[PDB]
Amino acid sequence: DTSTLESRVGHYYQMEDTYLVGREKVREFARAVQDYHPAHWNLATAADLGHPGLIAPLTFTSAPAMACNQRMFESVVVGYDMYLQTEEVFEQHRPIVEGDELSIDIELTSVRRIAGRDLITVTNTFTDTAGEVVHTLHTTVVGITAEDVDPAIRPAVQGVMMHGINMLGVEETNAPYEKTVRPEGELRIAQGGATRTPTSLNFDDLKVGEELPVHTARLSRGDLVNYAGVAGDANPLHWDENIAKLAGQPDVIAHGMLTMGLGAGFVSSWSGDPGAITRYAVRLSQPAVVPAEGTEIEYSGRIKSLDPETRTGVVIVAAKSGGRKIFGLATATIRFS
């Protein structure tokens, strides 16, 4: 019997179709998170920096993962129709490049009951054509109940939800539920991120406690609408003020993933090499409210630790907006040159 969410921990499935990383999509995603690092844009500079093509922004993986995760949240995670992102971890085992063809899987890797609530973590891995895991994504959400929101939210949402169907794996996606687990393991993690020469700041120029310069990002309703289409996030909390209020927010709120992407761009603008960020972990705090006049998010940070053996460091990243703390604890692990 697998009637309970708790009993379904370990549920695993693979997408039948690969995901081909395209050059123009890399640029489009970079644009959507206001990331202008040349490695995401310019072929000649990407080559100068040792890449075989443009590399993806760190949080790019959120877009194909959300598509893959539809069955998990619709059919597998029973008990909830609505979710709130609380935490994300991005592991960049090697930089993803234009022309990568990735096999994506989905695993319900934990369900934890905390303060009457369920914290639900879904893990995706991205495997390349050499059969190596190039990226691991951990998404944690809390389950939201009917009692958390105005009942009027459901007809409102039905009224605005997009209609476009993802025809890929649409049969397997909508099949009846039955439990499946990950086959017996030994996955091979890509080592390229650890062995490549970083194009980041020189390790020896750094000190523990060094502050990153403060960066102000501007965020508008149009940024959110653009991100919704580019990243394939259909949730109207990010563009319908009425529905956002029915959900108990004071106005439209930014995608959690978007504020994380702006944070990754903040880190790579400072460090110099998007490919050198091997881990990025963000706990969210308060949502970033985006009114019709627009808002700002201020990113800041400092070096928490340095390791001279591996010439790596950990940076704490902070984000604040409209009088609110947007990030809780957030860190980036970075390889330096």
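From 1 onward, residues are counted along the sequence shown.
A.B. asks: On mean C-alpha B-factor from the PDB entry, just flag whether 77-85 or 166-174 is the higher one.
C.D. replies: Of 166-174 and 77-85, the stretch with the higher C-alpha B-factor average is 166-174.
A.B. asks: Looking at the deposited entry, does 318-326 or 19-27 carry the larger mean Cα B-factor?
C.D. replies: Looking at the record's C-alpha B-factors, the answer is 318-326.
A.B. asks: Select one of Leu258, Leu201, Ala115, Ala130: the residue whose C-alpha shows the highest B-factor in the crystal structure entry.
C.D. replies: Of the options given, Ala115 has the highest CA B-factor in the PDB entry.
A.B. asks: Quiz for you: based on the deposited Cα B-factor, which of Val157, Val230, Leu102, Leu137 is highest?
C.D. replies: The record points to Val157.
A.B. asks: Ranking the modelled residues of this chain by C-alpha B-factor as given in the entry, is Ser285 in the lowest, middle or highest third?
C.D. replies: Tercile = middle for this residue's CA B-factor.
A.B. asks: Could you say whether, by C-alpha temperature factor, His93 belongs to the lowest, middle or highest third of its chain?
C.D. replies: CA B-factor rank for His93: lowest third.
A.B. asks: How does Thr310 rank on Cα B-factor within its chain, lowest, middle or highest third?
C.D. replies: Middle third.
A.B. asks: Lowest, middle or highest third: where is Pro213 by C-alpha B factor in its chain?
C.D. replies: CA B-factor rank for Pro213: middle third.
A.B. asks: Ranked by Cα temperature factor within the chain, is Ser220 in the lowest third, the middle third or the highest third?
C.D. replies: CA B-factor rank for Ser220: middle third.
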